[PDB]
Amino acid sequence: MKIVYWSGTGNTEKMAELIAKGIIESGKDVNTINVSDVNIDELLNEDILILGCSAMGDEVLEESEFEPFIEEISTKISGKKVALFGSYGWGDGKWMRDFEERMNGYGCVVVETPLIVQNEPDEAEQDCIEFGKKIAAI
Ligand SMILES: Cc1cc2nc3c(=O)[nH]c(=O)nc-3n(C[C@H](O)[C@H](O)[C@H](O)COP(=O)(O)O)c2cc1C
């Protein structure tokens, strides 16, 4: 499996690593990929796209890198299962509610409730691992 993410301070990166840990504990292989290094063709071969990005701008996806990536794959993912996650700060998930609506609008099947954690995981570390386990159980 693959996990593609954007992280500005490492909070979403930590989430990505914990989600990976959960998938691995479930017995499956998974690679975590920073959005700057993503191979689009290889990502599209996956049965489940696990995508993560923190809340940026005013409740939007990161603009220089993550956003363009979503735009590029947008027309090539109808029917694909996707799992979404990200870290946030002062809000309550607006950017993620929009991210979920967006992917649904592209015809994706959002497999689990998006995982959102405030700042660095910490107490929420297990929540990250468990989200990975849910994805692996599909
Ligand atoms: C310029 C900027 C904009 C942000 N916009 C939001 C926002 O609209 N809502 C929110 O809850 N947090 C927002 N945050 C907070 C980040 O989402 C939060 O610090 C998160 O833990 C960052 O994760 P990361 O290290 O993976 O980037 C913003 C942070 C920055 C740097």
# chains A, B, ... in the order shown; residues from 1 in each chain; ligands from 1
$ residues_around --residues "residue 8 in chain A" --least-positions-apart "6" --cutoff "10 Å" --atoms "only C-alpha atoms" --output "PyMOL selection string"
chain A and resi 53-54+56+62
$ write_last_selection --atoms "N, CA, C and O atoms" --output "PDB file, in the first residue's frame"
ATOM      1  N   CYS A  53      -2.871  15.652   4.375  1.00  0.00           N
ATOM      2  CA  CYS A  53      -2.397  17.032   4.309  1.00  0.00           C
ATOM      3  C   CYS A  53      -3.007  17.812   5.462  1.00  0.00           C
ATOM      4  O   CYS A  53      -4.191  17.653   5.768  1.00  0.00           O
ATOM      5  N   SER A  54      -2.193  18.640   6.104  1.00  0.00           N
ATOM      6  CA  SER A  54      -2.649  19.467   7.209  1.00  0.00           C
ATOM      7  C   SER A  54      -3.524  20.610   6.695  1.00  0.00           C
ATOM      8  O   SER A  54      -3.589  20.870   5.480  1.00  0.00           O
ATOM      9  N   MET A  56      -4.285  24.177   5.845  1.00  0.00           N
ATOM     10  CA  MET A  56      -3.443  25.298   5.429  1.00  0.00           C
ATOM     11  C   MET A  56      -4.286  26.485   4.991  1.00  0.00           C
ATOM     12  O   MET A  56      -5.516  26.399   4.983  1.00  0.00           O
ATOM     13  N   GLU A  62      -2.856  22.350   1.246  1.00  0.00           N
ATOM     14  CA  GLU A  62      -1.611  23.066   0.982  1.00  0.00           C
ATOM     15  C   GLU A  62      -1.551  23.385  -0.515  1.00  0.00           C
ATOM     16  O   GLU A  62      -1.781  22.515  -1.363  1.00  0.00           O
TER      17      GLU A  62
END
$ residues_near_ligand --ligand "ligand 1" --cutoff "10 Å" --atoms "only C-alpha atoms and all ligand atoms" --output "VMD selection string"
chain A and resid 5 to 16 52 to 62 86 to 96 116 to 121
$ write_last_selection --atoms "N, CA, C and O atoms" --output "short mmCIF file (atom, residue, chain, number, x, y, z; two decimals), in the first residue's frame"
data_model
loop_
_atom_site.label_atom_id
_atom_site.label_comp_id
_atom_site.auth_asym_id
_atom_site.auth_seq_id
_atom_site.Cartn_x
_atom_site.Cartn_y
_atom_site.Cartn_z
N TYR A 5 1.56 12.17 1.44
CA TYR A 5 1.23 13.26 2.34
C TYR A 5 2.07 14.51 2.17
O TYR A 5 3.16 14.48 1.58
N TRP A 6 1.56 15.61 2.70
CA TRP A 6 2.28 16.88 2.75
C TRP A 6 2.28 17.26 4.22
O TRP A 6 1.25 17.15 4.89
N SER A 7 3.43 17.69 4.73
CA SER A 7 3.53 18.11 6.12
C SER A 7 4.51 19.28 6.19
O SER A 7 5.62 19.20 5.66
N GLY A 8 4.10 20.37 6.84
CA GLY A 8 4.95 21.54 6.94
C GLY A 8 5.85 21.61 8.16
O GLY A 8 6.86 22.31 8.13
N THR A 9 5.46 20.95 9.24
CA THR A 9 6.26 20.95 10.46
C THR A 9 6.48 19.52 10.97
O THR A 9 7.19 19.30 11.95
N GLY A 10 5.88 18.54 10.29
CA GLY A 10 6.06 17.15 10.68
C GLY A 10 4.89 16.49 11.38
O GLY A 10 4.94 15.29 11.65
N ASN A 11 3.81 17.23 11.65
CA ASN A 11 2.66 16.66 12.34
C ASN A 11 1.93 15.63 11.50
O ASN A 11 1.70 14.50 11.95
N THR A 12 1.62 15.98 10.25
CA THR A 12 0.97 15.05 9.34
C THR A 12 1.94 13.92 8.94
O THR A 12 1.52 12.78 8.74
N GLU A 13 3.23 14.22 8.89
CA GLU A 13 4.24 13.19 8.59
C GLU A 13 4.23 12.11 9.69
O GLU A 13 4.29 10.91 9.40
N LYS A 14 4.15 12.55 10.95
CA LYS A 14 4.08 11.63 12.08
C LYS A 14 2.80 10.78 11.97
O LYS A 14 2.84 9.56 12.20
N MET A 15 1.69 11.41 11.61
CA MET A 15 0.42 10.70 11.42
C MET A 15 0.62 9.62 10.36
O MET A 15 0.24 8.46 10.55
N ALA A 16 1.27 9.99 9.26
CA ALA A 16 1.52 9.06 8.16
C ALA A 16 2.32 7.85 8.62
O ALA A 16 2.02 6.71 8.23
N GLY A 52 -2.83 12.42 2.79
CA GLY A 52 -2.84 13.29 3.95
C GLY A 52 -2.25 14.67 3.74
O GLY A 52 -1.25 14.84 3.04
N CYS A 53 -2.87 15.65 4.38
CA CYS A 53 -2.40 17.03 4.31
C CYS A 53 -3.01 17.81 5.46
O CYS A 53 -4.19 17.65 5.77
N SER A 54 -2.19 18.64 6.10
CA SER A 54 -2.65 19.47 7.21
C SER A 54 -3.52 20.61 6.70
O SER A 54 -3.59 20.87 5.48
N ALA A 55 -4.22 21.26 7.63
CA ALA A 55 -5.07 22.41 7.32
C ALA A 55 -4.12 23.57 7.01
O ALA A 55 -3.21 23.86 7.80
N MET A 56 -4.29 24.18 5.84
CA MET A 56 -3.44 25.30 5.43
C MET A 56 -4.29 26.48 4.99
O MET A 56 -5.52 26.40 4.98
N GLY A 57 -3.62 27.59 4.66
CA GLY A 57 -4.32 28.80 4.24
C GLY A 57 -5.46 29.07 5.20
O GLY A 57 -5.27 29.12 6.43
N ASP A 58 -6.65 29.27 4.66
CA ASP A 58 -7.82 29.45 5.51
C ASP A 58 -8.66 28.22 5.24
O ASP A 58 -9.47 28.19 4.32
N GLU A 59 -8.35 27.15 5.98
CA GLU A 59 -9.05 25.88 5.85
C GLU A 59 -9.01 25.29 4.44
O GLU A 59 -10.04 24.86 3.92
N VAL A 60 -7.84 25.25 3.83
CA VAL A 60 -7.72 24.67 2.48
C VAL A 60 -6.54 23.70 2.47
O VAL A 60 -5.79 23.63 3.44
N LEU A 61 -6.40 22.94 1.39
CA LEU A 61 -5.27 22.03 1.22
C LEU A 61 -4.03 22.87 0.91
O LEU A 61 -4.15 23.98 0.37
N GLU A 62 -2.86 22.35 1.25
CA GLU A 62 -1.61 23.07 0.98
C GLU A 62 -1.55 23.38 -0.51
O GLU A 62 -1.78 22.51 -1.36
N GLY A 86 -5.16 14.15 8.20
CA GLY A 86 -4.36 15.35 8.31
C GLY A 86 -4.41 15.94 9.70
O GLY A 86 -5.32 15.65 10.49
N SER A 87 -3.40 16.75 10.01
CA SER A 87 -3.31 17.43 11.30
C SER A 87 -3.87 18.84 11.11
O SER A 87 -3.83 19.38 10.00
N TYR A 88 -4.40 19.43 12.18
CA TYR A 88 -4.93 20.79 12.13
C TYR A 88 -4.60 21.52 13.42
O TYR A 88 -4.14 20.90 14.39
N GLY A 89 -4.89 22.82 13.45
CA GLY A 89 -4.54 23.63 14.61
C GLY A 89 -5.69 24.24 15.38
O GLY A 89 -6.15 23.65 16.34
N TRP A 90 -6.17 25.39 14.93
CA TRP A 90 -7.23 26.11 15.63
C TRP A 90 -8.68 25.84 15.20
O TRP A 90 -9.61 26.21 15.91
N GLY A 91 -8.86 25.22 14.04
CA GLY A 91 -10.20 24.94 13.56
C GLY A 91 -10.80 23.66 14.12
O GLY A 91 -10.40 23.19 15.19
N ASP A 92 -11.78 23.11 13.42
CA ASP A 92 -12.41 21.87 13.84
C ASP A 92 -12.60 20.88 12.68
O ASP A 92 -13.46 20.01 12.75
N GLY A 93 -11.85 21.06 11.60
CA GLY A 93 -11.95 20.14 10.49
C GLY A 93 -12.56 20.62 9.20
O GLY A 93 -12.72 19.81 8.29
N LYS A 94 -12.83 21.91 9.06
CA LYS A 94 -13.44 22.41 7.82
C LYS A 94 -12.67 22.00 6.57
O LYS A 94 -13.27 21.52 5.61
N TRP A 95 -11.35 22.13 6.59
CA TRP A 95 -10.56 21.78 5.41
C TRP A 95 -10.74 20.30 5.03
O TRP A 95 -10.73 19.96 3.84
N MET A 96 -10.92 19.44 6.03
CA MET A 96 -11.07 18.00 5.79
C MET A 96 -12.49 17.65 5.33
O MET A 96 -12.68 16.74 4.52
N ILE A 116 -8.56 13.16 11.64
CA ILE A 116 -8.02 14.49 11.89
C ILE A 116 -7.53 14.54 13.33
O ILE A 116 -8.22 14.12 14.26
N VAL A 117 -6.30 15.02 13.49
CA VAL A 117 -5.65 15.11 14.79
C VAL A 117 -5.13 16.52 14.96
O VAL A 117 -4.61 17.11 14.01
N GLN A 118 -5.30 17.07 16.15
CA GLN A 118 -4.86 18.42 16.42
C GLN A 118 -3.37 18.45 16.77
O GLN A 118 -2.92 17.75 17.68
N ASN A 119 -2.61 19.24 16.00
CA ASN A 119 -1.17 19.41 16.19
C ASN A 119 -0.44 18.05 16.15
O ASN A 119 -0.83 17.18 15.38
N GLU A 120 0.63 17.87 16.92
CA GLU A 120 1.32 16.57 16.89
C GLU A 120 0.43 15.54 17.58
O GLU A 120 -0.14 15.82 18.63
N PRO A 121 0.33 14.32 17.02
CA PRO A 121 -0.49 13.26 17.60
C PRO A 121 -0.50 13.10 19.12
O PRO A 121 -1.52 13.35 19.77
#
$ closest_residue --among "A:26, A:75, A:64, A:34" --to "residue 130 in chain A" --atoms "only C-alpha atoms"
A:26
$ closest_residue --among "A:115, A:50, A:80, A:42" --to "residue 136 in chain A" --atoms "only C-alpha atoms"
A:50
$ closest_residue --among "A:1, A:45, A:78, A:36" --to "residue 24 in chain A" --atoms "only C-alpha atoms"
A:1
$ atom_distance --atom1 "CA of residue 40 in chain A" --atom2 "CA of residue 27 in chain A"
25.1 Å
$ select_by_dssp --residues "range 29-119 of chain A" --states "alpha helix (DSSP H)" --output "list in words"
residues 40, 41, 42, 43, 66, 67, 68, 69, 70, 71, 72, 73, 94, 95, 96, 97, 98, 99, 100, 101, 102, 103, 104 and 105 of chain A
